[PDB]
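Let's start with one chain on its own, the form deposited in one PDB entry, as structure tokens.
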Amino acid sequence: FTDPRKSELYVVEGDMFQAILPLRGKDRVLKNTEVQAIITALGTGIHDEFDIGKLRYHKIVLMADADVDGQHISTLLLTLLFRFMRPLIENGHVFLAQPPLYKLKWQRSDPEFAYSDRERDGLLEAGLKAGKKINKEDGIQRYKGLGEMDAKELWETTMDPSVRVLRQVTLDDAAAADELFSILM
């Protein structure tokens, strides 16, 4: 069930087998217990001892808010991977999970989630023109932050491989993270 090439490690930056590990907003970070856990859990070793052979997770999905802070941890973790386990990025293992930004509370249909303003307006338009009703004042929840949503509206919405919205991290993507980290010094 939890075989290496059939499992994923999610890194929920707070502050199908899917493992979940947290990382909170905080270069001796390699000694932060949460980082060591994420690093240990990947099983590939680090720096010169990096061994793609011992990777235990097919996918490494990073989950945070692209609306808060500056992903100071999504840019902090990314740099860590880039200059300690870069092959994980190069071979396309790293990813970003976009949490839902909206919950359309249809009056009598299972709610729907939109991950972009555009998807909202279209889903609203689709639902309405399709005979679905929705309260005009508190019908559309604007998730400020993440996690503060609801377990299962966090699962069905971001862990569900079908409905989830994933965007792979490219070496270019990781390079910027590294620069921004450097510049934030």
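We call the rigid core whatever largest set of C-alpha positions still superposes within 1.5 Å between the two forms. Residues carry their position along the shown sequence, with the first being 1.
Missing here is the form deposited in another entry; even so, the following discussion is about that form.
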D178: CA shift of at least 2 Å between the shown form and the other one after core fit?
yes
Once the core is aligned, does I140 move its Cα by at least 2 Å between the shown form and the other one?
no
Would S116 count as moving between the shown form and the other one, using a Cα shift of 2 angstroms or more after superposing the core as the test?
no
Given a change of 3 Å or more, say if the Cα atoms of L21 and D173 sit closer or farther in the other form than in this form.
farther
Per the comparison in the other form, the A64 and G70 C-alpha atoms (change 3 Å or more) are positioned closer
